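The block underneath contains the structure these notes are about, expressed in structure tokens.
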4 protein chains.
Amino acid sequence: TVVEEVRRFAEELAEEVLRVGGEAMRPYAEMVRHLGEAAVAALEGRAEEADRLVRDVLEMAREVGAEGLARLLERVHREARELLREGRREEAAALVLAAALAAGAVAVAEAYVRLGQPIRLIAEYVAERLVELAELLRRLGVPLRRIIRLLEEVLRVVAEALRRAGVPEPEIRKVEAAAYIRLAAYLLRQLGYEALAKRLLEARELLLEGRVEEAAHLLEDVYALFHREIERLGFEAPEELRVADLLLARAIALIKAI
Amino acid sequence: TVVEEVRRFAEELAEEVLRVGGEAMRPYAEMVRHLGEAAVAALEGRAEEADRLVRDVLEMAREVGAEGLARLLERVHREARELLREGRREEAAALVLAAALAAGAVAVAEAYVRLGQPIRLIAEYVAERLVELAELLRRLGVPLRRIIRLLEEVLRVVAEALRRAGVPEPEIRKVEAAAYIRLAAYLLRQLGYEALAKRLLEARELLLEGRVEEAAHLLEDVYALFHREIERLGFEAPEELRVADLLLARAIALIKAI
Amino acid sequence: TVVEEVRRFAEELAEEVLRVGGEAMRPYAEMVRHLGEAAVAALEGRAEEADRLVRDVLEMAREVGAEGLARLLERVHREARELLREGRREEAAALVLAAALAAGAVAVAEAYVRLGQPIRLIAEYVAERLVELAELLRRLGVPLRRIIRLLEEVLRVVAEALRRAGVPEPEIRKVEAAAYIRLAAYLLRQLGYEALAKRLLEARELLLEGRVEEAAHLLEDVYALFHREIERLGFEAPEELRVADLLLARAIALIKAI
Amino acid sequence: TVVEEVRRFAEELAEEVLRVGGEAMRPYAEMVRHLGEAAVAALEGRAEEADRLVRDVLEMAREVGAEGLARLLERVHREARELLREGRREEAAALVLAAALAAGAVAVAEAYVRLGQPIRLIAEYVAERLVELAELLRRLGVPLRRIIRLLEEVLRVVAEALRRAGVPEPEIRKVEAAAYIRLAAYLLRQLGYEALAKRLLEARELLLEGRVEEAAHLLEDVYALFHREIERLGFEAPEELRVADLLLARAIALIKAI
Ligand SMILES: [Zn+2]
Ligand SMILES: [Zn+2]
Ligand SMILES: [Zn+2]
Ligand SMILES: [Zn+2]
Ligand SMILES: [Zn+2]
Ligand SMILES: [Zn+2]
Ligand SMILES: [Zn+2]
Ligand SMILES: [Zn+2]
Ligand SMILES: [Zn+2]
């Protein structure tokens, strides 16, 4: 069912891209669909069809004008080759799926920016998509640290896209910080820290409304309590606590830099 | 059920405006909803609430920047006063409904132009909306020549909106000519001229694809056959033939002027 | 009795405006009285009379020269429409009552500034008015965080009015900081923290006398004790504690920025 | 046998390209052969091999310098993807075969222009190849209107190629007009109008000999008789008559514009 899940994910993202953007950007739907096909090819054997499809999507990125997507696609090409030589298949499909998500998200984000919708919608959209992708990659079997690295790459591509569309920098920082707080809350919820997740999401809501100062104050309070809890456990803690610590630190840094 | 139909029409148009344009254009949803309210007030008694709502909608049109919509709103204000004094209610609500449709169609057309969708979509959207409004006005009881006059006013407002959005003039002419051919086919279908309607719609299809020359040739052939049929009946013909003749003449003139 | 309370509140504020400013500012008494009428109309059914009265009051604000009041009145217009469509009535009247209080307080504050009364009087007047309005909104049923948001909107309008009257910026900051300390003390008193409220009011008294440094020292001491008490309860606390924490943080920031 | 027919068509066109042009134009023989393989791949399953081969041929067109062929190959690529996703196979191979014929005919026409052969040979060659392709596409199952659209695309590419080779514009118009009259005669012959086709081909013979005026006069006479026959049938006529009408109109327009 895994390859069916990858196909469904790619097709749903392409349909949403077409619905939001119409026929103005049909290329992005083709990129999403071919990257879904390359991913399922990698999951079902093969190593050369994946290379060819990734090169095709790289050519489309070259002609359309997507720069960050093109760079990410070259990186997917080289890595996917290396890990397919090494015999590991899940991680190559993981890189391809992250590439497809980057393409869909850049399409939808540029659509939202062109027709002037508020930044809350872009931020919530990207955060929810990242959480869904993280759930999928957890289902496949990729290790968590690689998951977070892929998600940060996707966020970087989306931020570059929003920069090219003229969105002011503080709004881009708000988008990224919202994504980081959502990811941190998602990680914290699995281990059974519900109150922590609610406080983090309250801080996120105060951030998306433009109340930066109350967001920073509530974020620093919840981070202080969390960090005391971390130092309680000494030289032992589940890895998701360790990753959430860095996610929360980066979120705080971004909010302070707004 | 008539007032319920007017309410449903206004709310559906407002919901579509919001879906296509999002939160970027909330004012237009309010204008559509208040114009629907003024129309249903006029249909259910009253003469002062309609005045107040139309004045409020005129104020919104003034602040947003809609020029043609504001002019049409002043015009419906004055006329609605006159006919409400004369005791005729259906035609005042007809003017108000035409105003609401003009506002909604202007919003959706500006949304389509902002995100760069093809002109076939705008043309087909506007033409189908005009046909639906014509069916509604036929249900209420307005005489047909007033129906066509209101529909042409709506088309004029939409063309002005598309002009302000930078759409090139030939595309505006294509939009209007497609609207006229659709209206003419709709009128011809009721009296039982199916083949004529199919040929008119074939010519319209060739027009929307950019094949102007084949569209003009096929339009002139079908017009010649139709006009011979009209001259067959001498000094007698159902009134819809007489209206469709002028619709077809204007459609041909617009196509030639592209 | 609720609509009677709203009527009494509006008439009392209008009478006080007339007593303080005389016949110099008659428009503001009319704005207060019509905003009270729109609020009681909203509380007693209706959705169009409220629209008309708010539009009339906006016209008065436009002609008189009130800028911040006009902006807030447009915002009241749009929101009142939205929530009246959604069927919620208390919050629309809450926005209208906040607008009436902003108009009355702007009038009285400009009167006080014109005849050169000390800033302690403006600060104490505004703070007590905000406390009375908060009690009223608690009686109606508005949730507390909406209460605080409306009160901050009122404070923003009052600060803009005082800025247009030439009052120096540090006095405006003193007014706002006194208002926040009064609101925080009011919130803390309900939950049974008397000593905290007395110390906050002592710090406020030292602030209004011009002793900024002793006010900041005593405020930081009481804030440190309060915040230790907050962190004692971990991930649980009555919601008014959470709101008072942000109120105190903003009050301290404003005092430091004087 | 259909895939064998496509292979035979492609190889025969490639051999003719090589015989006419020698080793000077070897790239075009390879492009024709690869488009033959891509078409037969599409007819025998597959969707990714067709993608790859069309991209390879696009690269060849990029390096050689064929511009219009490159544009048509990009269009072929995008459409072939869409219709292969929709599951329709005959039309994608039809687009590929049209592309191969455009490439081969471009090569042969440039060869004829380089060694200075008269324009009658180019016109007759192109017209006969178009008739053969239309016969093949009729054998496959493509609808006739798509057949005519593909044939016009082939003619447009050929005209662009001849323009790039410095052939004067009136000779290009002669080529296209001869092609349209040949196509109209071919369509008319199936319905069983032998006299009409004979007179059209007499007009074509007079046109290719440089006698433009007698060509236009005889063409207008046969067109007048044909159009009277069309108007005889009213609102009913086989589709081939309708297509021939537009073909004849375009031929007359081109001859008049010489
Ligand atoms: Zn490679
Ligand atoms: Zn740490
Ligand atoms: Zn009036
Ligand atoms: Zn006529
Ligand atoms: Zn209003
Ligand atoms: Zn101390
Ligand atoms: Zn705190
Ligand atoms: Zn491709
Ligand atoms: Zn004709």
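Order determines the names: the first chain of the structure tokens is A, the second B, and so forth; residues in each chain are numbered 1 upward, and ligands are numbered 1 upward as they are shown.
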Please return as a VMD selection string the residues found within 9 Å of ligand 4, counting only C-alpha atoms and all ligand atoms. chain B and resid 227 230 to 231 242 245 to 246 248 to 249
Applying 8 Å and only C-alpha atoms, which residues near residue A:103 remain after dropping the ones on its own chain fewer than 6 positions away? List them as number ranges by chain. A: 28, 31-32, 69
For N, CA and C atoms, I'd like the residues from the last selection saved as a short mmCIF file (atom, residue, chain, number, x, y, z; two decimals), in the first residue's frame.
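Output file result22.cif follows:
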data_model
loop_
_atom_site.label_atom_id
_atom_site.label_comp_id
_atom_site.auth_asym_id
_atom_site.auth_seq_id
_atom_site.Cartn_x
_atom_site.Cartn_y
_atom_site.Cartn_z
N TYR A 28 3.57 22.77 -12.97
CA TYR A 28 3.83 22.29 -11.62
C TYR A 28 3.08 21.00 -11.33
N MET A 31 5.21 18.35 -12.83
CA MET A 31 6.36 18.08 -11.98
C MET A 31 5.98 17.22 -10.79
N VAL A 32 4.87 17.55 -10.13
CA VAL A 32 4.44 16.76 -8.99
C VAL A 32 4.13 15.33 -9.41
N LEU A 69 13.93 25.06 -6.65
CA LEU A 69 13.45 23.73 -6.98
C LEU A 69 14.44 23.00 -7.89
#
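The residues sitting within 12 Å of ligand 3, with only C-alpha atoms and all ligand atoms considered, come out as residues 47, 48, 49, 50, 51, 52, 53, 54, 55, 56, 57, 58, 73, 74, 75, 76, 77, 78, 79, 80, 81, 82 and 84 of chain B.
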For the selection you just gave me, I'd like the residues written to a file as an mmCIF file, in the first residue's frame, keeping N, CA and C atoms.
data_model
loop_
_atom_site.group_PDB
_atom_site.id
_atom_site.type_symbol
_atom_site.label_atom_id
_atom_site.label_comp_id
_atom_site.auth_asym_id
_atom_site.auth_seq_id
_atom_site.Cartn_x
_atom_site.Cartn_y
_atom_site.Cartn_z
ATOM 1 N N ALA B 47 -40.057 50.261 0.405
ATOM 2 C CA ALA B 47 -39.425 51.115 -0.593
ATOM 3 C C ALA B 47 -38.251 51.901 -0.044
ATOM 4 N N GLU B 48 -38.100 51.993 1.275
ATOM 5 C CA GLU B 48 -37.063 52.772 1.934
ATOM 6 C C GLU B 48 -35.856 51.920 2.306
ATOM 7 N N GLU B 49 -36.089 50.675 2.726
ATOM 8 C CA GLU B 49 -34.983 49.768 3.006
ATOM 9 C C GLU B 49 -34.176 49.497 1.747
ATOM 10 N N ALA B 50 -34.858 49.341 0.612
ATOM 11 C CA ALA B 50 -34.158 49.174 -0.654
ATOM 12 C C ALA B 50 -33.290 50.387 -0.959
ATOM 13 N N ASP B 51 -33.833 51.585 -0.744
ATOM 14 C CA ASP B 51 -33.063 52.810 -0.923
ATOM 15 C C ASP B 51 -31.814 52.813 -0.053
ATOM 16 N N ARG B 52 -31.975 52.479 1.228
ATOM 17 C CA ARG B 52 -30.848 52.532 2.150
ATOM 18 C C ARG B 52 -29.780 51.512 1.782
ATOM 19 N N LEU B 53 -30.190 50.283 1.463
ATOM 20 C CA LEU B 53 -29.217 49.251 1.128
ATOM 21 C C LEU B 53 -28.476 49.592 -0.152
ATOM 22 N N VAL B 54 -29.180 50.129 -1.150
ATOM 23 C CA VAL B 54 -28.513 50.505 -2.391
ATOM 24 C C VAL B 54 -27.535 51.648 -2.144
ATOM 25 N N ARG B 55 -27.897 52.593 -1.269
ATOM 26 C CA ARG B 55 -26.970 53.674 -0.931
ATOM 27 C C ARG B 55 -25.735 53.153 -0.200
ATOM 28 N N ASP B 56 -25.926 52.207 0.720
ATOM 29 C CA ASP B 56 -24.794 51.605 1.419
ATOM 30 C C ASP B 56 -23.867 50.886 0.449
ATOM 31 N N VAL B 57 -24.445 50.118 -0.475
ATOM 32 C CA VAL B 57 -23.647 49.400 -1.460
ATOM 33 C C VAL B 57 -22.927 50.378 -2.374
ATOM 34 N N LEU B 58 -23.571 51.501 -2.690
ATOM 35 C CA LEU B 58 -22.896 52.535 -3.464
ATOM 36 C C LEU B 58 -21.703 53.091 -2.701
ATOM 37 N N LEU B 73 -24.887 51.563 -9.850
ATOM 38 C CA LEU B 73 -25.603 51.585 -8.580
ATOM 39 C C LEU B 73 -26.386 52.883 -8.403
ATOM 40 N N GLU B 74 -25.813 54.012 -8.825
ATOM 41 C CA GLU B 74 -26.588 55.252 -8.850
ATOM 42 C C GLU B 74 -27.808 55.109 -9.753
ATOM 43 N N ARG B 75 -27.612 54.525 -10.936
ATOM 44 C CA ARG B 75 -28.717 54.381 -11.876
ATOM 45 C C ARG B 75 -29.829 53.498 -11.315
ATOM 46 N N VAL B 76 -29.476 52.361 -10.714
ATOM 47 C CA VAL B 76 -30.516 51.510 -10.142
ATOM 48 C C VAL B 76 -31.187 52.226 -8.981
ATOM 49 N N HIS B 77 -30.433 53.034 -8.230
ATOM 50 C CA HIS B 77 -31.039 53.811 -7.150
ATOM 51 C C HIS B 77 -32.173 54.687 -7.672
ATOM 52 N N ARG B 78 -31.875 55.521 -8.672
ATOM 53 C CA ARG B 78 -32.878 56.453 -9.189
ATOM 54 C C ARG B 78 -34.065 55.715 -9.800
ATOM 55 N N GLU B 79 -33.791 54.743 -10.678
ATOM 56 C CA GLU B 79 -34.901 54.018 -11.285
ATOM 57 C C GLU B 79 -35.731 53.287 -10.237
ATOM 58 N N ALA B 80 -35.089 52.529 -9.344
ATOM 59 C CA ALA B 80 -35.832 51.806 -8.324
ATOM 60 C C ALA B 80 -36.756 52.742 -7.569
ATOM 61 N N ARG B 81 -36.292 53.962 -7.272
ATOM 62 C CA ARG B 81 -37.200 54.948 -6.688
ATOM 63 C C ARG B 81 -38.401 55.193 -7.595
ATOM 64 N N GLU B 82 -38.150 55.439 -8.885
ATOM 65 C CA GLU B 82 -39.242 55.801 -9.794
ATOM 66 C C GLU B 82 -40.277 54.684 -9.908
ATOM 67 N N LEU B 84 -40.724 52.115 -7.941
ATOM 68 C CA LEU B 84 -41.384 51.817 -6.679
ATOM 69 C C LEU B 84 -42.459 52.845 -6.368
#
Compare A:133, A:218, A:111, A:150 by their minimum atom-to-atom distance to chain B, counting only C-alpha atoms, and give me the closest one.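 Using only C-alpha atoms, chain B sits closest to A:111.
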Would you pick out the contacts of residue A:20 at 8 Å or less, using only C-alpha atoms, so that residues sharing its chain but fewer than 2 positions from it are not included, and give the list as a ChimeraX atom specification? /A:16-18,22,108,111-112
Would you pick out the contacts of residue A:90 at 7 Å or less, using only C-alpha atoms, so that residues sharing its chain but fewer than 6 positions from it are not included, and give the list as a short mmCIF file (atom, residue, chain, number, x, y, z; two decimals) with N, CA and C atoms, in the first residue's frame?
data_model
loop_
_atom_site.label_atom_id
_atom_site.label_comp_id
_atom_site.auth_asym_id
_atom_site.auth_seq_id
_atom_site.Cartn_x
_atom_site.Cartn_y
_atom_site.Cartn_z
N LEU A 43 10.59 2.92 -5.14
CA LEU A 43 10.07 1.96 -4.16
C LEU A 43 9.77 0.60 -4.76
N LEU A 140 6.97 5.12 6.25
CA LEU A 140 7.92 4.39 5.40
C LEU A 140 9.01 3.74 6.22
N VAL A 142 11.99 5.98 7.36
CA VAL A 142 13.16 6.86 7.41
C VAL A 142 13.42 7.27 8.85
#
Show me, as a PDB file with N, CA and C atoms, in the first residue's frame, the residues of chain B whose atoms get within 9 Å of chain A, using only C-alpha atoms for the distance check.
ATOM      1  N   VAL B  20     -13.366  31.837  -5.287  1.00  0.00           N
ATOM      2  CA  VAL B  20     -12.408  32.156  -6.338  1.00  0.00           C
ATOM      3  C   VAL B  20     -11.359  33.137  -5.836  1.00  0.00           C
ATOM      4  N   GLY B  21     -11.780  34.191  -5.145  1.00  0.00           N
ATOM      5  CA  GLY B  21     -10.867  35.229  -4.726  1.00  0.00           C
ATOM      6  C   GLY B  21     -10.407  35.175  -3.292  1.00  0.00           C
ATOM      7  N   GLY B  22     -10.965  34.284  -2.481  1.00  0.00           N
ATOM      8  CA  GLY B  22     -10.515  34.187  -1.111  1.00  0.00           C
ATOM      9  C   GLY B  22     -10.910  35.396  -0.280  1.00  0.00           C
ATOM     10  N   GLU B  23     -10.077  35.673   0.716  1.00  0.00           N
ATOM     11  CA  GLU B  23     -10.262  36.830   1.574  1.00  0.00           C
ATOM     12  C   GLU B  23      -9.700  38.101   0.961  1.00  0.00           C
ATOM     13  N   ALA B  24      -9.109  38.017  -0.230  1.00  0.00           N
ATOM     14  CA  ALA B  24      -8.604  39.218  -0.881  1.00  0.00           C
ATOM     15  C   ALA B  24      -9.730  40.201  -1.171  1.00  0.00           C
ATOM     16  N   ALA B 111     -10.524  38.399 -10.265  1.00  0.00           N
ATOM     17  CA  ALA B 111      -9.759  37.304  -9.678  1.00  0.00           C
ATOM     18  C   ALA B 111      -9.099  36.458 -10.759  1.00  0.00           C
ATOM     19  N   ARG B 114      -6.231  38.304 -12.285  1.00  0.00           N
ATOM     20  CA  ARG B 114      -5.088  38.464 -11.388  1.00  0.00           C
ATOM     21  C   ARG B 114      -4.194  37.231 -11.400  1.00  0.00           C
ATOM     22  N   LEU B 115      -4.789  36.042 -11.397  1.00  0.00           N
ATOM     23  CA  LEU B 115      -4.025  34.805 -11.397  1.00  0.00           C
ATOM     24  C   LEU B 115      -3.833  34.225 -12.794  1.00  0.00           C
ATOM     25  N   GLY B 116      -4.091  35.005 -13.838  1.00  0.00           N
ATOM     26  CA  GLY B 116      -3.701  34.654 -15.196  1.00  0.00           C
ATOM     27  C   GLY B 116      -4.337  33.427 -15.816  1.00  0.00           C
ATOM     28  N   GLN B 117      -5.636  33.235 -15.633  1.00  0.00           N
ATOM     29  CA  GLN B 117      -6.320  32.143 -16.303  1.00  0.00           C
ATOM     30  C   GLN B 117      -6.722  32.554 -17.719  1.00  0.00           C
ATOM     31  N   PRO B 118      -6.938  31.587 -18.614  1.00  0.00           N
ATOM     32  CA  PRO B 118      -7.230  31.923 -20.013  1.00  0.00           C
ATOM     33  C   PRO B 118      -8.573  32.621 -20.161  1.00  0.00           C
TER      34      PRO B 118
END
9 Å contact set for stretch 193-204 of chain C, only C-alpha atoms, chain neighbours under 6 positions out, as a list in words: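 These residues fall inside the cut-off: residues 177, 178, 181, 182, 184, 185, 186, 187, 214, 215, 216, 217, 218, 219, 222, 223 and 226 of chain C.
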Using N, CA, C and O atoms, can you write the selected residues to a file as a short mmCIF file (atom, residue, chain, number, x, y, z; two decimals), in the first residue's frame?
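The result, written out as out-v3.cif:
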data_model
loop_
_atom_site.label_atom_id
_atom_site.label_comp_id
_atom_site.auth_asym_id
_atom_site.auth_seq_id
_atom_site.Cartn_x
_atom_site.Cartn_y
_atom_site.Cartn_z
N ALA C 177 0.29 52.87 30.49
CA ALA C 177 0.85 51.99 31.52
C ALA C 177 -0.02 52.00 32.77
O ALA C 177 -0.23 50.95 33.39
N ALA C 178 -0.54 53.17 33.15
CA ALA C 178 -1.46 53.22 34.27
C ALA C 178 -2.72 52.42 33.97
O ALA C 178 -3.23 51.71 34.85
N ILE C 181 -1.85 48.67 34.34
CA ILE C 181 -1.68 48.27 35.73
C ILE C 181 -3.02 48.21 36.44
O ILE C 181 -3.27 47.33 37.26
N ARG C 182 -3.92 49.15 36.12
CA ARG C 182 -5.26 49.10 36.71
C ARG C 182 -6.02 47.87 36.25
O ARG C 182 -6.68 47.20 37.06
N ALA C 184 -4.73 45.00 35.20
CA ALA C 184 -4.10 43.84 35.81
C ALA C 184 -4.51 43.68 37.26
O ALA C 184 -4.80 42.57 37.71
N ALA C 185 -4.55 44.79 38.01
CA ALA C 185 -5.00 44.73 39.40
C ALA C 185 -6.45 44.29 39.49
O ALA C 185 -6.82 43.50 40.37
N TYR C 186 -7.29 44.80 38.58
CA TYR C 186 -8.69 44.40 38.55
C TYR C 186 -8.84 42.91 38.30
O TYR C 186 -9.66 42.25 38.94
N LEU C 187 -8.07 42.37 37.36
CA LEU C 187 -8.13 40.94 37.09
C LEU C 187 -7.64 40.13 38.28
O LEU C 187 -8.23 39.10 38.62
N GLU C 214 11.19 54.70 41.12
CA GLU C 214 10.65 53.90 42.21
C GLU C 214 9.48 53.05 41.72
O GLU C 214 9.30 51.91 42.18
N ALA C 215 8.69 53.57 40.79
CA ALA C 215 7.61 52.79 40.20
C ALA C 215 8.14 51.57 39.48
O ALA C 215 7.61 50.46 39.63
N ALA C 216 9.21 51.74 38.69
CA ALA C 216 9.78 50.61 37.97
C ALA C 216 10.40 49.60 38.93
O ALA C 216 10.25 48.39 38.72
N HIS C 217 11.08 50.06 39.98
CA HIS C 217 11.66 49.12 40.93
C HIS C 217 10.58 48.31 41.64
O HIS C 217 10.67 47.07 41.74
N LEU C 218 9.54 48.97 42.14
CA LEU C 218 8.50 48.26 42.86
C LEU C 218 7.70 47.35 41.93
O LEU C 218 7.28 46.25 42.32
N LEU C 219 7.48 47.80 40.69
CA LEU C 219 6.80 46.96 39.71
C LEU C 219 7.60 45.71 39.40
O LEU C 219 7.03 44.62 39.32
N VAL C 222 7.29 43.24 42.41
CA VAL C 222 6.01 42.53 42.50
C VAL C 222 5.83 41.59 41.31
O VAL C 222 5.27 40.50 41.46
N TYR C 223 6.33 41.97 40.13
CA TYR C 223 6.27 41.09 38.97
C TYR C 223 7.10 39.84 39.19
O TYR C 223 6.69 38.75 38.79
N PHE C 226 5.12 37.58 41.50
CA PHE C 226 3.98 37.03 40.77
C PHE C 226 4.41 35.96 39.78
O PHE C 226 3.74 34.93 39.65
#
So the first atom is atom CA of residue D:46 and the second is atom CA of residue D:87; what is the distance between them in Å, to one decimal place?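 Separating atom CA of residue D:46 from atom CA of residue D:87 is a distance of 10.7 Å.
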Report, in Å with one decimal, the straight-line distance from atom CA of residue A:64 to atom CA of residue D:60.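 Computed distance, atom CA of residue A:64 to atom CA of residue D:60, equals 20.4 Å.
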Excluding residue A:130 and any residue of its chain fewer than 6 positions from it, enumerate the residues within 12 Å of it, using only C-alpha atoms, and give them as an mmCIF file with N, CA and C atoms, in the first residue's frame.
data_model
loop_
_atom_site.group_PDB
_atom_site.id
_atom_site.type_symbol
_atom_site.label_atom_id
_atom_site.label_comp_id
_atom_site.auth_asym_id
_atom_site.auth_seq_id
_atom_site.Cartn_x
_atom_site.Cartn_y
_atom_site.Cartn_z
ATOM 1 N N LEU A 97 10.016 12.356 -2.610
ATOM 2 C CA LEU A 97 8.751 12.834 -2.065
ATOM 3 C C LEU A 97 8.888 14.240 -1.501
ATOM 4 N N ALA A 98 9.993 14.520 -0.816
ATOM 5 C CA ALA A 98 10.226 15.880 -0.353
ATOM 6 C C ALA A 98 10.324 16.842 -1.526
ATOM 7 N N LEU A 101 6.791 17.540 -2.729
ATOM 8 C CA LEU A 101 6.133 18.459 -1.808
ATOM 9 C C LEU A 101 6.645 19.875 -1.992
ATOM 10 N N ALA A 102 7.942 20.035 -2.236
ATOM 11 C CA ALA A 102 8.469 21.369 -2.488
ATOM 12 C C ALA A 102 7.851 21.974 -3.739
ATOM 13 N N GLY A 104 4.843 21.203 -5.190
ATOM 14 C CA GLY A 104 3.456 21.546 -4.922
ATOM 15 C C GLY A 104 3.320 22.780 -4.053
ATOM 16 N N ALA A 105 4.132 22.870 -3.001
ATOM 17 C CA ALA A 105 4.041 23.995 -2.085
ATOM 18 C C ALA A 105 4.466 25.293 -2.749
ATOM 19 N N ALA A 123 1.088 30.187 5.905
ATOM 20 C CA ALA A 123 1.783 29.569 7.028
ATOM 21 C C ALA A 123 1.078 28.302 7.492
ATOM 22 N N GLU A 124 -0.244 28.362 7.647
ATOM 23 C CA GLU A 124 -0.982 27.188 8.092
ATOM 24 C C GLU A 124 -0.933 26.081 7.051
ATOM 25 N N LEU A 136 3.956 10.561 6.816
ATOM 26 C CA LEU A 136 4.221 9.595 5.750
ATOM 27 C C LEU A 136 5.621 9.003 5.868
ATOM 28 N N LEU A 137 6.625 9.859 6.059
ATOM 29 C CA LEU A 137 7.998 9.384 6.156
ATOM 30 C C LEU A 137 8.202 8.518 7.388
ATOM 31 N N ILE A 147 14.265 12.881 8.607
ATOM 32 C CA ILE A 147 12.964 13.499 8.377
ATOM 33 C C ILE A 147 13.053 14.998 8.603
ATOM 34 N N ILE A 148 13.640 15.398 9.729
ATOM 35 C CA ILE A 148 13.700 16.818 10.053
ATOM 36 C C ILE A 148 14.585 17.557 9.059
ATOM 37 N N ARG A 149 15.666 16.918 8.608
ATOM 38 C CA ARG A 149 16.526 17.560 7.618
ATOM 39 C C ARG A 149 15.790 17.785 6.299
ATOM 40 N N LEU A 150 15.012 16.795 5.854
ATOM 41 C CA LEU A 150 14.223 16.961 4.636
ATOM 42 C C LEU A 150 13.193 18.070 4.792
ATOM 43 N N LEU A 151 12.520 18.114 5.944
ATOM 44 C CA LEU A 151 11.503 19.135 6.170
ATOM 45 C C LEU A 151 12.118 20.525 6.147
ATOM 46 N N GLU A 152 13.312 20.671 6.714
ATOM 47 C CA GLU A 152 13.983 21.964 6.664
ATOM 48 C C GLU A 152 14.387 22.331 5.243
ATOM 49 N N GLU A 153 14.782 21.346 4.432
ATOM 50 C CA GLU A 153 15.076 21.644 3.029
ATOM 51 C C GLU A 153 13.836 22.147 2.299
ATOM 52 N N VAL A 154 12.696 21.495 2.535
ATOM 53 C CA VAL A 154 11.442 21.927 1.920
ATOM 54 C C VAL A 154 11.109 23.348 2.345
ATOM 55 N N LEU A 155 11.259 23.639 3.636
ATOM 56 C CA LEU A 155 10.987 24.980 4.130
ATOM 57 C C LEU A 155 11.906 26.002 3.483
ATOM 58 N N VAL A 158 10.610 26.743 0.009
ATOM 59 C CA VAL A 158 9.398 27.558 0.072
ATOM 60 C C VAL A 158 9.742 29.002 0.412
ATOM 61 N N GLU A 176 8.265 30.532 8.591
ATOM 62 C CA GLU A 176 9.181 29.488 9.041
ATOM 63 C C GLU A 176 9.013 29.202 10.527
ATOM 64 N N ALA A 178 6.349 29.618 12.380
ATOM 65 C CA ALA A 178 5.115 28.870 12.571
ATOM 66 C C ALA A 178 5.310 27.405 12.220
ATOM 67 N N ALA A 179 6.036 27.129 11.131
ATOM 68 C CA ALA A 179 6.303 25.743 10.756
ATOM 69 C C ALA A 179 7.097 25.020 11.834
ATOM 70 N N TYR A 180 8.106 25.687 12.400
ATOM 71 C CA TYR A 180 8.935 25.067 13.433
ATOM 72 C C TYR A 180 8.141 24.790 14.698
ATOM 73 N N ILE A 181 7.286 25.731 15.110
ATOM 74 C CA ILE A 181 6.481 25.520 16.311
ATOM 75 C C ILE A 181 5.473 24.400 16.091
ATOM 76 N N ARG A 182 4.898 24.313 14.890
ATOM 77 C CA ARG A 182 3.985 23.212 14.607
ATOM 78 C C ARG A 182 4.708 21.873 14.630
ATOM 79 N N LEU A 183 5.912 21.813 14.050
ATOM 80 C CA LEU A 183 6.690 20.577 14.072
ATOM 81 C C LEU A 183 7.069 20.179 15.492
ATOM 82 N N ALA A 184 7.488 21.150 16.305
ATOM 83 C CA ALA A 184 7.834 20.867 17.691
ATOM 84 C C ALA A 184 6.638 20.335 18.459
ATOM 85 N N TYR A 186 4.044 18.782 17.193
ATOM 86 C CA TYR A 186 3.751 17.452 16.674
ATOM 87 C C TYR A 186 4.677 16.404 17.277
#
Show which residues sit within 10 Å of residue B:11, as a list in words. Count only C-alpha atoms, and ignore same-chain residues fewer than 5 positions away.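 Once the adjacent positions are removed, what remains is residues 5, 6, 16, 17, 29, 30, 32, 33, 34, 36 and 37 of chain B.
The smallest atom-to-atom distance between residue D:206 and any of D:129, D:228, D:120, D:163, using only C-alpha atoms, is found for D:120.
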Separation of atom CA of residue C:83 from atom CA of residue C:12, in Å and rounded to one decimal: 27.3 Å
